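Participant:
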Amino acid sequence: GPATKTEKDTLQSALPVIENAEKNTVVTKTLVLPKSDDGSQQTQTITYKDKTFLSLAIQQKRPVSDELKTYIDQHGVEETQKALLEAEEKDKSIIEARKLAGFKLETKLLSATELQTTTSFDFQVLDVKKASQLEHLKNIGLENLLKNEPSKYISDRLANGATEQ
Numbered sequence: 001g002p003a004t005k006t007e008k009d010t011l012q013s014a015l016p017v018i019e020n021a022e023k024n025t026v027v028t029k030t031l032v033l034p035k036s037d038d039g040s041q042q043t044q045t046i047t048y049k050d051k052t053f054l055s056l057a058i059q060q061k062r063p064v065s066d067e068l069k070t071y072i073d074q075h076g077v078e079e080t081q082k083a084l085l086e087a088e089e090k091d092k093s094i095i096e097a098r099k100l101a102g103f104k105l106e107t108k109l110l111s112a113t114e115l116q117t118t119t120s121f122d123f124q125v126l127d128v129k130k131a132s133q134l135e136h137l138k139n140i141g142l143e144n145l146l147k148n149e150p151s152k153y154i155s156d157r158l159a160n161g162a163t164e165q
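Set out below in structure tokens:
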């Protein structure tokens, strides 16, 4: 009915010829998850190097809500980003998260109507047992991630509606 396409790519260079070397193998997968319910989306970042999860992050991309529209009416987008970041320093659930020496959260206002977030776990120093329980950090499958390979479930994601980058 419709039809479909593909592309390709392939690089060309010479051999490695250098006097320095880095045993610093770090990959990053970046799973393009589908939409959310409707109008909200997110990704899945996956850091690994052997058979195990070194770090995991969950981006976020959606429109705002009418609470924040009220602030944006009064002030403007110029002030609104600042107010969002400050909303994080006073969120007790974010404070409870930020005790972990392997948790990070960034939030930004992408437009007068639009906001990003991203939540990173550093499984070298993230206290999984606590990151499994922190209100925000309940709804995730923290423990359910660790019980299989960093790669096994990437296949299961594309099998569950997902895509890659």
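Residue numbering for the sequence shown follows PDB author numbering, starting at 1 and increasing by one per position. Backbone N, C-alpha and C fix where the C-beta goes; we use that ideal spot for every residue, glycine too.
Looking at the strands, I want to know which residues DSSP matches up with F121.
Facilitator: Partner(s): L56, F103.
Participant: Can you name, in chain order, every residue of its own chain whose Cβ lies under 7 angstroms from the Cβ of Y71, other than the five neighbours on each side?
Facilitator: Counting only Cβ-Cβ distances below 7 angstroms, and skipping sequence neighbours, we find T80, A83.
Participant: Secondary structure at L68, three-state DSSP: helix, strand or coil?
Facilitator: Helix at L68.
Participant: Quick one: give me the first and last residue of the alpha helix (DSSP H) that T80 is part of.
Facilitator: That run of the alpha helix (DSSP H) goes 77 to 89.
Participant: Quick check on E7: does DSSP put it in helix, strand or coil?
Facilitator: Here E7 sits in coil by DSSP.
Participant: Does the beta-carbon of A14 have 16 or more other beta-carbons within 10 angstroms, so that it is buried, or is it exposed?
Facilitator: It is exposed - the Cβ of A14 has fewer than 16 other Cβ atoms within 10 Å.
Participant: Decide if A3 is buried, meaning its Cβ has at least 16 other Cβ atoms within 10 Å, or exposed.
Facilitator: Flag for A3 reads exposed.
Participant: Give every residue of the same chain whose Cβ lies closer than 6 angstroms to the Cβ of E96, excluding the five residues on either side of it in the sequence, and list them in chain order.
Facilitator: Same-chain partners within the cutoff: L134.
Participant: For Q74, which of helix, strand or coil comes out of DSSP?
Facilitator: Residue state, collapsed to three classes: helix.
Participant: Closer than 7 angstroms by C-beta to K130: which residues in its own chain qualify, once you throw out the five before and the five after it? Chain order, please.
Facilitator: Here the set comprises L100.
Participant: Can you tell me whether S111 is helix, strand or coil according to DSSP?
Facilitator: DSSP places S111 in strand when its eight states are reduced to three.
Participant: Just the C-alpha distance for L56 and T28, rounded to the nearest angstrom, thanks.
Facilitator: The straight-line gap from Cα to Cα measures roughly 9 angstroms.
Participant: Can you tell me whether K61 is helix, strand or coil according to DSSP?
Facilitator: Three-state result, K61: strand.
Participant: If I measure Cβ to Cβ from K108 and keep anything under 6 angstroms in the same chain, skipping five residues before and after, which residues do I get?
Facilitator: Same-chain partners within the cutoff: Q116.
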